[PDB]
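Note sheet for the following structure.
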Amino acid sequence: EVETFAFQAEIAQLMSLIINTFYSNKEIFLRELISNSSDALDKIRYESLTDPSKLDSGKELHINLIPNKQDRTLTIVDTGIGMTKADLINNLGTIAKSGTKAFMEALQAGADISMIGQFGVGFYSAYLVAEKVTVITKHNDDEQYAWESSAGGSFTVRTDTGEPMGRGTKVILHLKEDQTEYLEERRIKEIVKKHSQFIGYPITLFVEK
Ligand SMILES: Cc1cc(C(N)=O)c(C(F)(F)F)o1
């Protein structure tokens with residue numbers, strides 16, 4: 001059972017701007033997703049400070065980067081707080097409508113796409129490099145769900161029958177044909193060192209056979 005939803009008009013317009021604007025500095029997508037993972041890990045850590053059972057779904061707080069050249073996917077896994085079904089539908093837990101408004105005033109005033117994370121909609125920078133994004137997520141208070149969108153104005157949500165996750169979020173980037181540099185070990189290492197040196201969780205770059 002798959003539910004199909006329309007993006008709010010303002011979010012559809014943000015996505016088309018990210019997809020259509022000429023902008024060479026695409027590597028910031030990884031910084032933005034790692035920062036989102038760090039924020040989610042901070043949230044479950046804070047909740048666990050007064051309720052240790054919040055970590056019964058997994059004590060380890062980490063971020064994994066998993067490239068797969070055969071599937072042409074880059075997967076970013078964290079064991080943060082995750083999102084409920086309602087969170088997924090409501091723009092993956094963001095205030096994306098007001099964030100898009102502020103972001104787009106900034107660009108018309110001199111900002112560039114790399115400051116997208118200052119407006120709370122950094123997730124959508126994934127479409128700088130991905131033709132399709134799948135988000136698998138599990139929050140302590142809900143079941144495991146899969147969100148998916150190839151932009152074009154709609155997203156789907158379904159119960160996930162795949163490998164159970166325990167708790168956290170997995171962002172699967174189905175990369176564009178000309179963006180496969182983000183599957184190469186040395187390129188990912190360079191980006192992580194450049195933009196994510198002060199993330200307070202272990203970031204593990206998986207290698208391939
Ligand atoms: C906005 C937001 C939060 C998270 C998360 N829970 O880690 C994500 C992700 F994963 F889709 F990129 O986006």
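Positions are given from 1 along the sequence. Computed over heavy atoms, backbone and side chain alike; hydrogens, waters and symmetry mates excluded. Remember, it's 1-based here, ligands and their atoms both numbered in the order they're listed.
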Indicate yes or no: does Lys43 engage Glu47 in a salt bridge with an N to O separation below 4.0 Å.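 Salt bridge absent between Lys43 and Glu47.
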What I want to find out is whether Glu10 reaches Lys101 closely enough, with some N-O distance under 4.0 Å, to be called a salt bridge.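 So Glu10 does not pair with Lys101 through a salt bridge.
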Working note: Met104 + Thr100, criterion side-chain contact (heavy atoms from CB on, under 4.5 Å); need CA distance, chi angles, decisive distance, verdict. CA-CA 6 Å; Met104 259 189 222; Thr100 296; 3.7 Å; yes
Report, one line per pair, each donor and acceptor closer than 3.5 Å where one atom sits in a side chain of residues 77-95; sequence neighbours left out.
| residue | atom | partner | partner atom | Å |
| --- | --- | --- | --- | --- |
| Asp78 | OD1 | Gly80 | N | 2.9 |
| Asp78 | OD2 | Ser37 | OG | 2.7 |
| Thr79 | OG1 | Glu60 | O | 2.6 |
| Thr79 | OG1 | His62 | N | 3.1 |
| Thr84 | OG1 | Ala86 | N | 3.4 |
| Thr84 | OG1 | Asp87 | N | 3.0 |
| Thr84 | OG1 | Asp87 | OD2 | 3.2 |
| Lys85 | NZ | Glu3 | OE1 | 2.8 |
| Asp87 | OD2 | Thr84 | N | 3.1 |
| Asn91 | ND2 | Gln8 | OE1 | 2.9 |
| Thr94 | OG1 | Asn91 | O | 2.7 |
| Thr94 | OG1 | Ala96 | N | 3.3 |

Test question: given the 4.5 Å side-chain rule for I, L, V, M, F, W and Y, name all other residues clustered with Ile136, or answer none.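 Members besides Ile136, by chain and number: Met165, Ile172.
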So what's ligand 1 close to, N/O to N/O, under 3.5 Å?
| residue | atom | partner | partner atom | Å |
| --- | --- | --- | --- | --- |
| ligand 1 | 6 (N) | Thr169 | OG1 | 3.1 |
| ligand 1 | 7 (O) | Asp78 | OD2 | 3.1 |

Sequence neighbours left out, what pairs pass ring-ring contact (aromatic ring centres under 6.0 Å, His included) with at least one residue falling in residues 78-135?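 Only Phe103-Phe119, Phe123-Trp147 qualify under ring-ring contact (aromatic ring centres under 6.0 Å, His included).
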